[PDB]
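Colleague: A structural model of the following input is requested.
(3 chains)
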Amino acid sequence: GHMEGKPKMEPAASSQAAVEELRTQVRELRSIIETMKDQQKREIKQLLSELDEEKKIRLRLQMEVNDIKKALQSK
Amino acid sequence: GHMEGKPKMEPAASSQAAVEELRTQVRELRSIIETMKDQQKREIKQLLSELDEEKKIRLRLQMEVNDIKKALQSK
Amino acid sequence: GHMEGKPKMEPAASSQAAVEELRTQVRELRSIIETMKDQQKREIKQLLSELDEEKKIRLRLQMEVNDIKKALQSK
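Modeller: Numbering: from 1, shown residues only, chains lettered A, B, ... in the order given. Sure, structure below:
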(Lines give C-alpha, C1' and ligand atoms only; values in the text may rest on other atoms or scores of the structure.)
Protein backbone atom coordinates (compact mmCIF):
# COMPACT_ATOMS: atom_id res chain seq x y z
CA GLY A 1 0.00 0.00 0.00
CA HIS A 2 0.97 3.63 -0.55
CA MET A 3 -0.47 7.12 -0.01
CA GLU A 4 -2.86 5.76 2.62
CA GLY A 5 -3.95 7.54 5.80
CA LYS A 6 -7.74 7.38 5.96
CA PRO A 7 -7.82 4.10 7.98
CA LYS A 8 -4.81 5.21 10.06
CA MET A 9 -4.62 8.45 12.06
CA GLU A 10 -1.98 7.67 14.69
CA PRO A 11 1.84 8.09 15.02
CA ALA A 12 4.25 5.14 14.88
CA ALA A 13 7.85 4.25 15.76
CA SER A 14 10.73 5.19 13.46
CA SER A 15 9.07 8.53 12.68
CA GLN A 16 12.43 10.31 12.50
CA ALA A 17 13.98 7.57 10.37
CA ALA A 18 11.08 7.69 7.91
CA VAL A 19 11.41 11.45 7.37
CA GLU A 20 15.22 11.20 7.04
CA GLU A 21 14.86 8.59 4.30
CA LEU A 22 12.18 10.59 2.47
CA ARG A 23 14.32 13.73 2.60
CA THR A 24 17.17 11.97 0.77
CA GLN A 25 14.85 10.90 -2.10
CA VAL A 26 13.50 14.44 -2.48
CA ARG A 27 16.99 15.89 -3.01
CA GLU A 28 17.99 13.07 -5.37
CA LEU A 29 15.01 13.94 -7.57
CA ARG A 30 16.08 17.58 -7.94
CA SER A 31 19.51 16.40 -9.07
CA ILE A 32 17.96 14.09 -11.67
CA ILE A 33 15.98 16.92 -13.26
CA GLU A 34 19.06 19.16 -13.38
CA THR A 35 21.26 16.54 -15.05
CA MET A 36 18.46 15.61 -17.46
CA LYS A 37 18.15 19.24 -18.56
CA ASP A 38 21.88 19.42 -19.29
CA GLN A 39 21.82 16.23 -21.37
CA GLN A 40 18.85 17.41 -23.45
CA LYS A 41 20.42 20.84 -23.89
CA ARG A 42 23.63 19.26 -25.20
CA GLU A 43 21.76 17.31 -27.89
CA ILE A 44 19.99 20.49 -28.99
CA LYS A 45 23.34 22.26 -29.40
CA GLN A 46 24.71 19.50 -31.62
CA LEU A 47 21.61 19.66 -33.82
CA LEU A 48 21.96 23.43 -34.32
CA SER A 49 25.66 23.03 -35.14
CA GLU A 50 24.88 20.50 -37.87
CA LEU A 51 22.29 22.80 -39.44
CA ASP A 52 24.85 25.60 -39.35
CA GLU A 53 27.51 23.68 -41.28
CA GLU A 54 24.84 22.51 -43.73
CA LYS A 55 23.89 26.11 -44.51
CA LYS A 56 27.55 26.90 -45.22
CA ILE A 57 27.70 24.29 -48.01
CA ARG A 58 24.39 25.38 -49.55
CA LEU A 59 25.54 29.00 -49.70
CA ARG A 60 28.64 27.95 -51.64
CA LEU A 61 26.51 25.94 -54.08
CA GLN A 62 24.27 28.94 -54.69
CA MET A 63 27.23 31.07 -55.76
CA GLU A 64 28.44 28.39 -58.18
CA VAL A 65 25.04 28.32 -59.89
CA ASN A 66 24.79 32.12 -59.90
CA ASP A 67 27.91 32.30 -62.08
CA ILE A 68 26.58 29.70 -64.52
CA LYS A 69 23.22 31.48 -64.81
CA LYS A 70 24.89 34.78 -65.70
CA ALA A 71 26.71 33.26 -68.68
CA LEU A 72 23.68 31.14 -69.57
CA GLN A 73 21.65 34.35 -69.86
CA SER A 74 24.42 36.21 -71.70
CA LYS A 75 24.35 36.30 -75.50
CA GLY B 1 23.71 11.55 7.73
CA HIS B 2 20.77 10.79 5.44
CA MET B 3 18.43 7.91 4.60
CA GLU B 4 19.24 6.25 7.94
CA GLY B 5 16.81 4.29 10.12
CA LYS B 6 18.46 0.98 10.99
CA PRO B 7 20.05 2.29 14.25
CA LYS B 8 16.92 4.35 15.04
CA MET B 9 13.40 2.93 15.31
CA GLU B 10 11.62 5.49 17.50
CA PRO B 11 9.53 8.68 16.94
CA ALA B 12 10.85 12.16 17.72
CA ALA B 13 9.59 15.72 18.28
CA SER B 14 8.75 17.99 15.34
CA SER B 15 7.25 15.04 13.44
CA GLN B 16 4.54 17.23 11.91
CA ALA B 17 7.02 19.97 10.99
CA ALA B 18 9.32 17.47 9.29
CA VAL B 19 6.55 16.09 7.07
CA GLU B 20 5.29 19.61 6.23
CA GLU B 21 8.76 20.63 5.06
CA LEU B 22 9.23 17.44 3.02
CA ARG B 23 5.84 17.91 1.36
CA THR B 24 6.87 21.34 0.05
CA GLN B 25 10.04 19.93 -1.58
CA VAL B 26 8.07 17.15 -3.28
CA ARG B 27 5.73 19.61 -5.00
CA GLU B 28 8.60 21.92 -5.97
CA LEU B 29 10.25 18.99 -7.77
CA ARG B 30 7.16 18.31 -9.91
CA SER B 31 7.16 21.97 -10.97
CA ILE B 32 10.84 21.78 -11.95
CA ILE B 33 10.26 18.82 -14.27
CA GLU B 34 7.29 20.55 -15.91
CA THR B 35 9.17 23.79 -16.58
CA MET B 36 12.22 21.86 -17.79
CA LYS B 37 10.08 20.00 -20.33
CA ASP B 38 8.72 23.28 -21.70
CA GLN B 39 12.20 24.79 -22.08
CA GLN B 40 13.53 21.73 -23.91
CA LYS B 41 10.44 21.59 -26.12
CA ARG B 42 10.92 25.23 -27.11
CA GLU B 43 14.50 24.60 -28.27
CA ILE B 44 13.33 21.65 -30.36
CA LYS B 45 10.74 23.84 -32.09
CA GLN B 46 13.35 26.45 -33.04
CA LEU B 47 15.59 23.74 -34.50
CA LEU B 48 12.78 22.37 -36.68
CA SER B 49 11.91 25.88 -37.87
CA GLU B 50 15.49 26.49 -39.00
CA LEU B 51 15.57 23.24 -40.95
CA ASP B 52 12.28 24.24 -42.57
CA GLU B 53 13.57 27.58 -43.87
CA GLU B 54 16.76 25.87 -45.02
CA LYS B 55 14.77 23.44 -47.16
CA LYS B 56 12.94 26.37 -48.77
CA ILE B 57 16.23 27.85 -50.07
CA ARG B 58 17.52 24.49 -51.33
CA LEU B 59 14.32 23.88 -53.29
CA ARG B 60 14.75 27.22 -55.06
CA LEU B 61 18.35 26.38 -55.93
CA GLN B 62 17.29 23.05 -57.42
CA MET B 63 14.90 24.78 -59.83
CA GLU B 64 17.61 27.21 -60.96
CA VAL B 65 19.92 24.32 -61.83
CA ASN B 66 17.11 22.37 -63.50
CA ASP B 67 16.69 25.18 -66.04
CA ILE B 68 20.42 25.31 -66.78
CA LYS B 69 20.61 21.54 -67.25
CA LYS B 70 17.78 21.57 -69.80
CA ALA B 71 19.61 24.05 -72.04
CA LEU B 72 22.95 22.36 -71.35
CA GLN B 73 21.48 19.12 -72.69
CA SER B 74 19.75 20.84 -75.61
CA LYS B 75 21.53 20.96 -78.98
CA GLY C 1 1.10 26.97 5.20
CA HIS C 2 4.02 24.82 4.05
CA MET C 3 7.63 24.10 5.01
CA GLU C 4 6.97 25.38 8.54
CA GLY C 5 8.46 23.99 11.75
CA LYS C 6 9.90 26.91 13.71
CA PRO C 7 6.67 27.55 15.71
CA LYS C 8 6.02 23.79 16.02
CA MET C 9 8.47 21.29 17.51
CA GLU C 10 6.20 18.42 18.59
CA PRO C 11 4.91 15.14 17.03
CA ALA C 12 1.29 14.69 15.92
CA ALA C 13 -1.18 11.93 15.03
CA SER C 14 -1.17 10.31 11.58
CA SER C 15 2.64 10.42 11.51
CA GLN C 16 2.83 7.10 9.65
CA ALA C 17 0.11 8.11 7.18
CA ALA C 18 1.88 11.39 6.41
CA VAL C 19 5.17 9.68 5.57
CA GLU C 20 3.40 7.01 3.47
CA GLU C 21 1.71 9.70 1.39
CA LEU C 22 4.93 11.68 0.95
CA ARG C 23 6.80 8.54 -0.13
CA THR C 24 4.35 7.97 -3.00
CA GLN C 25 4.87 11.52 -4.35
CA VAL C 26 8.66 11.13 -4.24
CA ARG C 27 8.57 8.02 -6.45
CA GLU C 28 6.05 9.59 -8.84
CA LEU C 29 8.47 12.48 -9.39
CA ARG C 30 11.31 10.17 -10.42
CA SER C 31 9.00 8.56 -12.99
CA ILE C 32 8.06 11.97 -14.40
CA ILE C 33 11.70 12.93 -15.01
CA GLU C 34 12.40 9.59 -16.70
CA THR C 35 9.43 9.84 -19.07
CA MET C 36 10.21 13.49 -19.80
CA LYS C 37 13.76 12.58 -20.82
CA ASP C 38 12.46 9.96 -23.25
CA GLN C 39 10.02 12.38 -24.87
CA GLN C 40 12.68 15.07 -25.34
CA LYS C 41 15.14 12.49 -26.67
CA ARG C 42 12.61 11.33 -29.26
CA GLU C 43 12.13 14.86 -30.61
CA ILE C 44 15.91 15.28 -30.91
CA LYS C 45 16.14 12.08 -32.97
CA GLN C 46 13.48 13.27 -35.42
CA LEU C 47 15.32 16.57 -35.87
CA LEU C 48 18.60 14.81 -36.69
CA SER C 49 16.83 12.52 -39.16
CA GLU C 50 15.39 15.49 -41.04
CA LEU C 51 18.80 17.14 -41.30
CA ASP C 52 20.19 13.85 -42.60
CA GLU C 53 17.69 13.55 -45.46
CA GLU C 54 18.21 17.23 -46.26
CA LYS C 55 21.95 16.68 -46.70
CA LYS C 56 21.23 13.82 -49.11
CA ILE C 57 19.32 16.14 -51.48
CA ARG C 58 21.96 18.89 -51.31
CA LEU C 59 24.72 16.43 -52.20
CA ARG C 60 22.81 15.39 -55.32
CA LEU C 61 22.35 19.03 -56.33
CA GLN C 62 26.08 19.67 -55.96
CA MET C 63 26.90 16.90 -58.44
CA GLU C 64 24.43 18.27 -60.98
CA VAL C 65 26.10 21.69 -60.85
CA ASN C 66 29.58 20.16 -60.96
CA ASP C 67 28.81 18.66 -64.37
CA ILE C 68 27.48 21.96 -65.73
CA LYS C 69 30.53 23.86 -64.48
CA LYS C 70 32.92 21.47 -66.23
CA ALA C 71 31.31 22.10 -69.63
CA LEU C 72 30.87 25.80 -68.85
CA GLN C 73 34.63 26.04 -68.31
CA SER C 74 35.43 23.88 -71.35
CA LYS C 75 36.20 25.60 -74.66
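Colleague: how about stretch A:59-75: buried residues?
Modeller: A:61, A:64, A:65, A:68, A:72 (16 or more other Cβ atoms under 10 Å in any protein chain shown). Bear in mind the C-beta positions are built from the backbone N, C-alpha and C, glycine included.
Colleague: of those, closest to residue C:2?
Modeller: Using Cβ to Cβ, residue A:61 comes nearest to residue C:2 of the buried residues of stretch A:59-75, at 60.3 Å.
Colleague: And chain B, is stretch A:22-29 touching that?
Modeller: Yes - looking at stretch A:22-29 against chain B by Cβ under 8 Å from any Cβ of the partner chain, the contacts come from A:22, A:23, A:24, A:25, A:26, A:27, A:29.
Colleague: err, stretch A:61-75, not the other one
Modeller: Yes - Stretch A:61-75 reaches chain B (Cβ under 8 Å from any Cβ) through A:61, A:62, A:65, A:68, A:69, A:72.
Colleague: Near chain C, which residues of chain A are found?
Modeller: So chain A meets chain C at A:1-6, A:8-12, A:15, A:18-19, A:22, A:25-26, A:28-29, A:32-33, A:36, A:39-40, A:43-44, A:47, A:50-51, A:54, A:57-58, A:61, A:64-65, A:68, A:71 (Cβ under 8 Å from any Cβ).
Colleague: out of the residues of stretch A:22-29 next to chain B, which are buried?
Modeller: So, by 16+ other Cβ under 10 Å, the buried ones in those are A:22, A:23, A:25, A:26, A:29.
Colleague: Inside strands: which ones of those?
Modeller: Judged by DSSP state E, these include no members of strands.
Colleague: Where does chain A get nearest to chain C, residue-wise?
Modeller: residue A:5 (2.7 Å; Cβ to the nearest Cβ).
Colleague: Please, which helix or strand holds the closest residue to that residue other than its chain neighbours?
Modeller: For residue A:5, ignoring the flanking residues on the chain, the nearest one in space by Cβ to Cβ, 6 or more residues apart in numbering or on different chains is residue C:17 at 2.7 Å. Residue C:17 belongs to helix C:15-73 when assigned by DSSP states H and E.
Colleague: Report the distance from that helix to the chain centre.
Modeller: Its chain's C-alpha centre and that of helix C:15-73 lie 7 Å apart, by Cα atoms, centre = their mean, to the nearest Å.
Colleague: tell me what it is packed against?
Modeller: Counting contacts by 3 or more Cβ pairs under 8 Å, 6 or more residues apart in numbering or on different chains; DSSP states H and E, helix C:15-73 is packed against helix A:15-73, helix B:15-73.
Colleague: That helix to helix A:15-73, inter-axis angle?
Modeller: 10 degrees (axes from the mean of the first three to the mean of the last three Cα atoms, to 10 degrees).
Colleague: Let me see the contact set for the residue of chain A found nearest chain B.
Modeller: Going by Cβ to the nearest Cβ, chain B is nearest to residue A:17 of chain A, at 2.7 Å. Neighbouring residues of residue A:17 by Cβ atoms under 8 Å, 6 or more residues apart in numbering or on different chains: B:4, B:5, B:6, B:8, B:9.
Colleague: Fine, thanks again, bye for now.
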